[PDB]
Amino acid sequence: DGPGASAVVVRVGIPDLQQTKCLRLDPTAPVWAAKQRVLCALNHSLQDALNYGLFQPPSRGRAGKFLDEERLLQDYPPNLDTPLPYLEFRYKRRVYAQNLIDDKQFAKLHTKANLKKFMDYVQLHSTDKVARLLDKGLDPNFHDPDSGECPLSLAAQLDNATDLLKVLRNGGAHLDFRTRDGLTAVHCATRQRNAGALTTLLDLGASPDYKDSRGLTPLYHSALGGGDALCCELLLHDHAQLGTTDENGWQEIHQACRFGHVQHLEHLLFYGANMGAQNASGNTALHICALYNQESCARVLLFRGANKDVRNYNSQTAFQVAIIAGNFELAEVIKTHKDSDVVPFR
């Protein structure tokens, strides 16, 4: 939780607080690691904090840009050096090439009534009208005040969203902009099982690994939601990371097994999920199957070599959990399974 040995002192200015903070940030670590350190130092003093990002201020004709979170922080040399490098922490608004818009005209684009009209255009799939307002300079990184959606996360829930998603991205929408509740458009496409929208977002360069306000990924959401498993496969095939946990140490396969999402479980195992992973109560995914009477999920885990002797922190095996829940058919499945009756992946 402390910075590594190669960390360097950086002054971070936060215009929306009118203050600066000096922090040790790690050039050998990812930019997203540096952002977490800034957030920790601000100790909940910002509204909508997950929509702020580290920004390299303009210095002598070179324009300012948001830092690529997935890149390594040393990919950004400090330039006309002051003893301390200087970064800023800015709300994720549209980055304009040039200043072509009067302050009065810019305000007119962004009244409450005109931002509602823009969201109504998205809802109604009026792609050309969206594009024309973007060309006039409308910033689409904002929240509808009633729903909390942003233009991109709403577009991600429409059928045949691809054309509209591309126009929003070309018009300055950040791919990782989060709704009021903390979801990116990648989460929203995944939750709706909108494979066309998800594919376009990933093809536009969105990361599959974005976290929501509880640390959960789109892949985690897909294991909670079940249904058609295509979106889960799309994420994994785009190298989504597995093993994300919630506050109780439940990973993706724990959730899939609670709800009987057997196709999600199988994709997660094929891509390397650890069958022995234990949550905060010490339960494996097999224990979860036994508790929720999820027999076909249990069969998949046993067939792939899950260890059925693991005890949870109540000293219970999955068999004993099944017996206590009254899940006698499932208990018999676990008890009679032979350890040789397996085809493991690795």
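Heads up: residue numbers just count along the shown sequence, starting at 1.
The deposited model assigns a higher average Cα B-factor to 99-107 than to the other stretch when 201-209 and 99-107 are compared.
For the pair 79-87 and 259-267, the mean Cα B-factor is higher in 79-87. In this structure the maximum Cα B-factor among 45, 317, 59, 293 is found at 59.
Of the candidates 33, 50, 298, 306, the PDB record gives 33 the highest C-alpha temperature factor. When the CA B factors of the chain's modelled residues are split into thirds, the value for residue 74 lands in the highest one. The entry lists a Cα temperature factor for residue 277 that places it in the middle third of the chain's modelled residues.
Annotation for residue 140: C-alpha temperature factor in the lowest third relative to the rest of the modelled chain, per the entry.
In this PDB entry, the Cα temperature factor of residue 310 sits in the middle third of its chain's modelled residues. For residue 254, the recorded CA B-factor ranks within the lowest third of the chain. Only modelled residues enter the ranking.
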